[PDB]
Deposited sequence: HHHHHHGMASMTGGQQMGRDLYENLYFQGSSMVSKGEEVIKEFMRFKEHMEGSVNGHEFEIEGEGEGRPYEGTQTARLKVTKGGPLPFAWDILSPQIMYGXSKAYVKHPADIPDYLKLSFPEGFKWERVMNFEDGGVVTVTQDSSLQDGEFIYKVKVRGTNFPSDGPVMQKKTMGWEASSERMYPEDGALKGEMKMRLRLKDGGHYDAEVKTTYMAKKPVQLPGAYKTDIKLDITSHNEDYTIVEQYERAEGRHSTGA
């Protein structure tokens, strides 16, 4: 009942990557039970960014994941109060992103507050040289641990070049109340940058996400 078949969200993000501070705001919309969403983002402080938008796009919404009836939808169950998540991305060239995030449901809309910290990206690497070209589809391995929901995956960035740039990704999702943890499952995710201005101070994204048992 609080999560309708159509839901909007608002997002604020603050952080820094290799010493460069920024803020981003966005508005989005999607169909939480179909696993689909779009958003319009803008850089509100510290634009233009000297690094690849691609490292921020996965930090920009797990209430929008289609779940079968027989896998508890822990993150939807957490609303209206919501959940927090924390993430580390270890990139193959020593770059690291850590994230902390709050999600809640206020005045009929999801509210996201994100804090992103990137460091140790090589100055001549594809991130700081803006030579990435979006994520391959990812398959997140979900499992309950220590009273929380954990996800682990290898994410693959495409390079302008024709090769790949990997990150090992670990996330912990913690509902604000102890709503039902699921068992082990997979979430297939694909995120697209669908529009942007020249300097990526204005950007649109689409994501589709679907949970399924870990059988193929």
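Comparing the deposited sequence with the modelled residues, the stretches lacking C-alpha coordinates are 1 to 37, 98 to 101, 258.
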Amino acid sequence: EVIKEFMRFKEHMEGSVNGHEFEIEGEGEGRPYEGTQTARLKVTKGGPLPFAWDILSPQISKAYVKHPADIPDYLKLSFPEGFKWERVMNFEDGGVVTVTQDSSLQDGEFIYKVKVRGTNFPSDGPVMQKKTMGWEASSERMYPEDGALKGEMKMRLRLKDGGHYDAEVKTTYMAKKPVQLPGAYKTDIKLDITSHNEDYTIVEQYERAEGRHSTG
From here on, numbers count along this sequence of modelled residues.
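For the pair 180 to 188 and 46 to 54, the mean Cα B-factor is higher in 46 to 54. Relative to its counterpart among 120 to 128 and 98 to 106, 120 to 128 has the higher mean temperature factor, C-alpha atoms as listed in the PDB entry. Per the PDB record, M133 has a higher Cα B-factor than any other of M133, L75, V114, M89. Highest CA B-factor among the listed residues (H67, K170, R158, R40): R158. Among the modelled residues of its chain, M7 has a C-alpha B-factor that falls in the lowest third, as given in the PDB entry.
Annotation for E34: CA B-factor lies in the middle third of the chain's modelled residues. In the deposited entry, the Cα temperature factor of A137 places it in the highest third of its chain's modelled residues. Annotation for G163: C-alpha temperature factor in the highest third relative to the rest of the modelled chain, per the entry.
Sorting the modelled residues of the chain by their CA temperature factor places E14 in the highest third.
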